[PDB]
Protein chains: 2
Amino acid sequence: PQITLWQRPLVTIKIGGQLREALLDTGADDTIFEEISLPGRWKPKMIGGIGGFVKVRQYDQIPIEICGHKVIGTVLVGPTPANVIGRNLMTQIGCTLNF
Amino acid sequence: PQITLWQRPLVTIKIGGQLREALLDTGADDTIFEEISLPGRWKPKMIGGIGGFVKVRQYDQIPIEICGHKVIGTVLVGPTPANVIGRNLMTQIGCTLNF
Ligand SMILES: CC(C)c1nc(CN(C)C(=O)N[C@H](C(=O)N[C@@H](Cc2ccccc2)C[C@H](O)[C@H](Cc2ccccc2)NC(=O)OCc2cncs2)C(C)C)cs1
């Protein structure tokens, strides 16, 4: 679908059997969630934003259902005031900017 | 323009006679620019993201030229590891997200 930007680009997500809303963020290289339980091993990792750094957990090969689409990729779980879907997943569902 | 997301969505900008490169960021409501010089008086505003918050200067009604499109809007200037064009300016050039 086409998404205008007069409102936050929010999509409904299904991950690890858990439902949540995420922000389609083109300005984000990776995907990050604030509070969801994912199974398996994870690798410590740190990401930076406008505020500073953040210790997150990296999980790979995680099936995520984006707006009705089944995609698999690396998901970061850590302290964030907003759930974000980055370009690492947006390319799998064919997202493109247009103007 | 149709831009895919295999690369960061960067665009060239002419702002206040200065040339910059910015990221088209749908996950940002406001436009943030790291150090540039702008006219007139501002208002000490604070914004947040990953890591925390930051103190910035809020400039209203500043003309920006994105890909040859000239629009006037609010620009925040402050410490930021990357210039960001938010939704406040992206709606001006009719930029949509498609997939
Ligand atoms: C509370 C919540 C419901 C919301 N608040 C807001 C309003 N706010 C504050 C913003 O839009 N703030 C913007 C912002 O940081 N947006 C962010 C999303 C976000 C929003 C709110 C809270 C936390 C993160 C999204 C932006 O694309 C930035 C851009 C960027 C990239 C490199 C270096 C610096 C900056 N992205 C990141 O910092 O991404 C970090 C990463 C996560 N995974 C991989 S990198 C500013 C640039 C203005 C929107 S949703």
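Heavy-atom basis, side chains included; hydrogens, waters and symmetry copies ignored. Residue numbering restarts at 1 for every chain, and letters A, B, ... go by the order of the sequence lines.
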Checklist entry - Under 3.5 Å, is there a donor-acceptor pair between the A:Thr31 and A:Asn88 side chains? => result yes

Item to check | Atom group of A:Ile32 that falls short of 4.5 Å from chain B, counting heavy atoms | outcome: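 Neither part; nothing is under 4.5 Å.
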
Next on the checklist: Are more than 12 heavy atoms, taken from residues, nucleotides or ligands other than A:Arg20, located less than 6.0 Å from that residue's CZ atom?
Outcome noted: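 Result for CZ/A:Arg20: enclosed.
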
Next on the checklist: Would you say NZ of A:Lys45 has more than 12 non-hydrogen atoms from neighbouring residues, nucleotides or ligands within 6.0 angstrom?
Outcome noted: yes

Checklist entry - What residue in B:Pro79, B:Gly78, B:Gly94, B:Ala82 has the most heavy-atom pairs under 4.5 Å with chain A? => result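 Option with the top pair count is B:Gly94.
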
Checklist entry - Given the options B:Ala28, B:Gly52, B:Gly51, which has more heavy-atom pairs under 4.5 Å with chain A than any of the others? => result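 Most heavy-atom pairs within the cutoff with chain A belong to B:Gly51.
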
Checklist entry - If you take all heavy atoms of B:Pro81 and A:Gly49, which pair is closest and at what distance? => result CG-O, 3.9 Å

Next on the checklist: Minimum heavy-atom separation for B:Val77 and B:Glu35, please, with both atom names.
Outcome noted: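 It is CG1-OE1, 3.4 Å.
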
Item to check | Heavy-atom pair count under 4.5 Å with chain B, highest-scoring of A:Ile93, A:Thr4, A:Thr80, A:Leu23 | outcome: A:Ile93

Next on the checklist: So which residue, A:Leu97, A:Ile50, A:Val54, ends up with the most heavy-atom pairs under 4.5 Å with chain B?
Outcome noted: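 Option with the greatest count: A:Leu97.
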
Item to check | Region of B:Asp29 in contact with chain A, defined by heavy-atom distances below 4.5 Å | outcome: side chain

Checklist entry - With only heavy atoms counted, which part of B:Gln7 is less than 4.5 Å from chain A, the side chain, the backbone, both or neither? => result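 Contact with chain A involves the backbone of B:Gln7 alone.
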
Item to check | Parallel, tilted or perpendicular, as decided by the 30° and 60° cut-offs, for the rings of A:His69 and B:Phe99 | outcome: perpendicular

